[PDB]
């Protein structure tokens, strides 16, 4: 019922960063949960889906900004939906939203994290 990301993360160019996402519920919940990561670049307003996970299967977008640079490191059994962004570039700055969904609804719970990329870190 509650979704956790970091608030702000700093990455170095050429390096990598982990985007954490998890959730917790006071009531028991099944592993029939979906995670969706959307990306909104700095100063933009579109939230583009870069990653999805459901029915034990991950789905990485093959044409977007982070094609070939997304790694799934989550685990539905630990209620973890985290991903890693690889080979960072200055233009990767933006807001990432983790959207956690249950079977009984189409409406998820979301939490967001802001990424700034620096030359050194």
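Residue numbers count along the first chain shown, from 1.
Participant: On average, are the C-alpha B-factors higher in 61-69 or in 35-43?
Facilitator: Per the deposited B-factors, the answer is 61-69.
Participant: Could you settle it for me: does 8-16 or 102-110 have the higher average Cα B factor in the PDB entry?
Facilitator: Stretch with the higher mean C-alpha B-factor: 102-110.
Participant: Just grab whichever of 93, 82, 49, 26 has the top CA B-factor as deposited.
Facilitator: That would be 26.
Participant: Could you say whether, by C-alpha temperature factor, residue 74 belongs to the lowest, middle or highest third of its chain?
Facilitator: Ranked within chain, residue 74 CA B lands in the lowest tercile.
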